[PDB]
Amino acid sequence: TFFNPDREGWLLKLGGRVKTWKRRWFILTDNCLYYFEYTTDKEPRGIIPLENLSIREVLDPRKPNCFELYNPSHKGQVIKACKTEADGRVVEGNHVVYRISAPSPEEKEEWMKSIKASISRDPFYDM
């Protein structure tokens, strides 16, 4: 699944119910954003399918180079996603938005472009 990735790199992500920022290694592939706690981890911490989502730039009080993934068709609608819990649970995400912070302005632009291209490339886009 992780072979032939569209982009890989470190990004800071804001939590769902609990609003805490975590540094995660992201992998964009198969029109999904997989994230890992550590780069060499065998298992992803979570997966965010990009189908039906949009991206928009945002300004954050503390974190620079931010953007958000959100569902444009249904405001306030929880984004379909799946992640693991320390106790072993595999559960659905609780995010209405995914606020992400990139390491640099350039990396923000590259990530936003890669994600948008992935979403548009999907043959089942807007269906």
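Counting begins at 1, following the sequence as shown.
Look at the C-alpha B-factors of 113 to 121 and of 12 to 20. On average they run higher in 12 to 20.
For the segment pair 21 to 29 and 102 to 110, the entry gives 102 to 110 the higher mean B-factor, averaged over Cα atoms. Comparing C-alpha B-factors across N65, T84, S73, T40 in the deposited entry, the largest value falls on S73. Placement of the Cα temperature factor of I79 within the chain: highest third of the modelled residues, per the deposited record. For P44, the recorded CA B-factor ranks within the lowest third of the chain. Only modelled residues enter the ranking.
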